[PDB]
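Q: Below: one structure in structure tokens.
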Amino acid sequence: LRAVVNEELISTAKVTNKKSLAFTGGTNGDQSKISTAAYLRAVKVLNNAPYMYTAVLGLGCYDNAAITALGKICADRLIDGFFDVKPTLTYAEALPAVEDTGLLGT
Amino acid sequence: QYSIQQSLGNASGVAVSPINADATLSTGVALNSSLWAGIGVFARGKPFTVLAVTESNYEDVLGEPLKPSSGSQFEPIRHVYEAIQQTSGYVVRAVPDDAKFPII
């Protein structure tokens, strides 16, 4: 729990005995459709984490922008990176997707 | 751990350059027991003036060794390198007539 207080009226405020007040309205949206902005924001959060780690994991993103941002993190901190391509692709379609990731090069 | 830069600027930090697939590291030492002299042709150097070369200066002074594919232009630098492992010396550079230097 966290609380927020209004400074105008707390000079004269009262509290009474209440029982079993239940929270309502808290929902999780459709999580199968998440924009790339959320992934980029969370990658930016991960970059400035004050903790120390020695590996970066894809964890099933399958988004090219997020993958290349994670690769930039790996090249910045000098650590290892383990990324994955979509497993539902066939053998013939897997090869172009690697170039589509944008990590190929030097 | 935190971010690591590739090159230094003006801020205070430690930087590591990217890994180089091919390069050579050379160590030098100075000694002046005896002094030698000679004449050669090199990539760069002030012509017709006496130049003093040590083990740590024979690359900056003089210059990068000339490729053997050019032919008959590489022997002097190899001779200087062989002779400089003991003591330093003096070299005078000779240049052909059709040589020019830039100016703006």
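Letters for chains follow the order of the structure tokens (A, B, ...), residue numbers begin at 1 for each chain, and ligand numbers begin at 1 in the order shown.
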If you count only C-alpha atoms, which residues fall within 6 Å of range 27-35 of chain B, apart from same-chain ones fewer than 3 positions away, as a PyMOL selection string?

A: chain B and resi 55-56+87-89

Q: Could you go through range 46-96 of chain B and tell me which residues DSSP, when run on the backbone, assigns to helix (DSSP H, G or I), listing them as number ranges by chain?

A: B: 75-83

Q: Specify as a list in words all residues of chain A found within 8 Å of chain B, counting only C-alpha atoms.

A: residues 50, 51, 52, 53, 76, 77 and 78 of chain A

Q: How would the residues just picked look written out with N, CA and C atoms as a JSON list (two decimals), in the first residue's frame?

A:
[["chain", "number", "residue", "atom", "x", "y", "z"],
["A", 50, "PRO", "N", 21.07, 0.32, -11.59],
["A", 50, "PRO", "CA", 22.33, 0.43, -10.84],
["A", 50, "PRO", "C", 22.95, -0.90, -10.47],
["A", 51, "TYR", "N", 22.26, -2.01, -10.69],
["A", 51, "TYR", "CA", 22.78, -3.33, -10.36],
["A", 51, "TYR", "C", 23.75, -3.81, -11.44],
["A", 52, "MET", "N", 24.47, -4.87, -11.13],
["A", 52, "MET", "CA", 25.45, -5.45, -12.03],
["A", 52, "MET", "C", 24.99, -6.83, -12.48],
["A", 53, "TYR", "N", 24.99, -7.05, -13.80],
["A", 53, "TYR", "CA", 24.67, -8.35, -14.36],
["A", 53, "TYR", "C", 25.65, -8.66, -15.48],
["A", 76, "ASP", "N", 27.53, -2.21, -24.92],
["A", 76, "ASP", "CA", 27.93, -1.12, -24.03],
["A", 76, "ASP", "C", 28.59, -1.65, -22.77],
["A", 77, "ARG", "N", 27.97, -2.62, -22.11],
["A", 77, "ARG", "CA", 28.49, -3.10, -20.83],
["A", 77, "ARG", "C", 29.58, -4.15, -20.98],
["A", 78, "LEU", "N", 29.86, -4.62, -22.19],
["A", 78, "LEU", "CA", 30.80, -5.71, -22.43],
["A", 78, "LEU", "C", 30.39, -6.98, -21.67]]

Q: Quick one: everything within 12 Å of residue 96 in chain B, counting only C-alpha atoms, minus sequence neighbours fewer than 2 positions away in the same chain. Send it as a list in words.

A: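 Final neighbour list, sorted by chain and number: residues 40, 41, 42, 47, 48, 93, 94, 98, 99 and 100 of chain B.
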
Q: Please produce an output containing C-alpha atoms for each residue in the selection, written as a short mmCIF file (atom, residue, chain, number, x, y, z; two decimals), in the first residue's frame.

A:
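result32.cif was written with the following content:
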data_model
loop_
_atom_site.label_atom_id
_atom_site.label_comp_id
_atom_site.auth_asym_id
_atom_site.auth_seq_id
_atom_site.Cartn_x
_atom_site.Cartn_y
_atom_site.Cartn_z
CA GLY B 40 69.32 4.80 -46.53
CA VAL B 41 66.01 5.47 -48.24
CA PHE B 42 62.89 5.64 -46.07
CA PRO B 47 66.28 14.84 -46.25
CA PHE B 48 70.02 15.52 -46.15
CA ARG B 93 68.18 10.26 -45.72
CA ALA B 94 68.61 10.45 -49.50
CA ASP B 98 61.51 14.49 -58.43
CA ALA B 99 60.31 14.84 -54.83
CA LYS B 100 57.99 17.56 -53.54
#

Q: Could you state the separation of CA of residue 68 in chain B and CA of residue 91 in chain B in Å, given to one decimal place?

A: 20.9 Å

Q: For a quick check of understanding, using only C-alpha atoms, which of B:37, B:52, B:43, B:19 has the smallest distance to residue 95 in chain B?

A: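 Residue with the minimum atom-to-atom distance to residue 95 in chain B: B:43.
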
Q: So how many Å separate CA of residue 46 in chain B and CA of residue 86 in chain B, to one decimal?

A: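 One can read the CA of residue 46 in chain B to CA of residue 86 in chain B distance as 24.5 Å.
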
Q: Set the distance at 9 Å and use only C-alpha atoms: which residues neighbour residue 56 in chain A once local chain neighbours fewer than 2 positions away are removed? I'd like the list as a list in words.

A: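 Once the nearby chain positions are removed, what remains is residues 53, 54, 58, 70, 71, 73, 74, 79, 80, 81, 82 and 83 of chain A.
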
Q: Output C-alpha atoms for every residue in that selection, as a compact mmCIF listing (two decimals), in the first residue's frame.

A:
# COMPACT_ATOMS: atom_id res chain seq x y z
CA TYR A 53 24.67 -8.35 -14.36
CA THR A 54 26.77 -10.39 -16.78
CA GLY A 58 15.62 -12.06 -24.87
CA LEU A 70 19.35 -5.17 -26.05
CA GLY A 71 22.30 -5.79 -28.37
CA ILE A 73 23.20 -2.78 -24.07
CA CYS A 74 25.40 -5.87 -24.48
CA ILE A 79 28.70 -8.73 -21.46
CA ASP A 80 27.12 -11.71 -23.23
CA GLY A 81 23.77 -11.83 -24.98
CA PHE A 82 21.48 -14.76 -25.79
CA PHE A 83 18.66 -13.87 -28.18

Q: Grab the CA of residue 77 in chain B to CA of residue 22 in chain B distance for me, in Å with one decimal place.

A: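 Atom-to-atom, CA of residue 77 in chain B and CA of residue 22 in chain B are spaced 22.0 Å apart.
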
Q: Run DSSP on the backbone and grab whatever in chain B lands in strand (DSSP E or B); send it over as a list in words.

A: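 Selection result, strand (DSSP E or B) within chain B: residues 5, 15, 36, 37, 38, 39, 40, 50, 51, 52, 53, 89, 90, 91, 92 and 93 of chain B.
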
Q: If you count only C-alpha atoms, which residues fall within 10 Å of residue 67 in chain A, apart from same-chain ones fewer than 5 positions away, as a list in words?

A: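 Listed by chain and then number, they are residues 39, 40, 43, 57, 58, 60, 61, 62, 72, 73, 83, 84, 85, 101, 102 and 103 of chain A.
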
Q: Could you save those same residues with C-alpha atoms as a CSV table (one decimal), in the first residue's frame?

A:
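Output below, filename out-v7.csv:
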chain,number,residue,atom,x,y,z
A,39,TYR,CA,9.4,-2.3,-24.9
A,40,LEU,CA,11.7,0.6,-25.7
A,43,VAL,CA,14.8,-1.4,-22.3
A,57,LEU,CA,18.2,-12.6,-22.2
A,58,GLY,CA,15.6,-12.1,-24.9
A,60,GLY,CA,10.6,-14.2,-26.0
A,61,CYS,CA,10.3,-10.6,-27.3
A,62,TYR,CA,10.5,-11.3,-31.0
A,72,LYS,CA,23.4,-2.2,-27.8
A,73,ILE,CA,23.2,-2.8,-24.1
A,83,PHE,CA,18.7,-13.9,-28.2
A,84,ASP,CA,16.1,-15.9,-30.1
A,85,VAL,CA,14.1,-15.8,-33.2
A,101,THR,CA,17.2,-8.7,-36.4
A,102,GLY,CA,19.9,-6.3,-37.4
A,103,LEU,CA,22.6,-7.8,-35.2
